[PDB]
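Please treat every number below as a calculation from the coordinates, not as lab data.
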Amino acid sequence: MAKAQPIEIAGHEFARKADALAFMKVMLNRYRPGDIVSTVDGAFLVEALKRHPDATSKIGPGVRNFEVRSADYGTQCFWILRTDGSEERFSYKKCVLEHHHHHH
């Protein structure tokens, strides 16, 4: 119960919050702003999404696929393509917690 365990996503146990982010950034940088994410990586993204309270709002009727597209300038982010034909975006950076360490 009260135990600081490693960050588990889709079975993958990361020894750090920044460690989980690294994995996502690696594959992210390996795609272009118009390419579809592989089913393997997508399966990870699904569980990485579901671990957020906004899950129902982001997903809607269901996840169809994930596309890598620009967030603002040069930066890449994962877009959720819904089965209804719509789309959404989520900031993977907050996969675990902020805990005041959000530096300004």
Near the amide H of residue 76, under 5 Å away, which other amide H atoms are found, from residues 5 or more places off or on another chain, if H is placed in the peptide plane?
71
Taking amide H positions as placed in the peptide plane 1.01 Å from N, state which residues far from residue 87 in sequence (5 or more) or on other chains have amide H under 5 Å from it.
82
What do you get for the angle between helix 39-50 and the principal long axis of the chain? Use alpha-carbon atoms, 0 to 90 degrees, nearest ten.
60
Listed by chain and number, the residues whose amide H is under 5 Å from that of residue 65, excluding neighbours fewer than 5 places away on the same chain and using placed H, are 81
By what distance, in whole Å, do the Cα atoms of the chain stretch along each of the three principal axes, largest value first?
42, 30, 27
Quick one: helix 17-30 against the long Cα principal axis of the chain, what's the angle to the nearest 10°, folded into 0 to 90?
20
Which ³J(HN,Hα) values, rounded to whole Hz and listed in residue order, are derived for region 78-88 from phi using the Karplus coefficients 6.51, -1.76 and 1.60 in 6.51 cos²θ - 1.76 cosθ + 1.60 with θ = phi - 60°, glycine and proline given as x?
8, 9, 8, 8, 7, 5, 7, x, 9, 9, 8
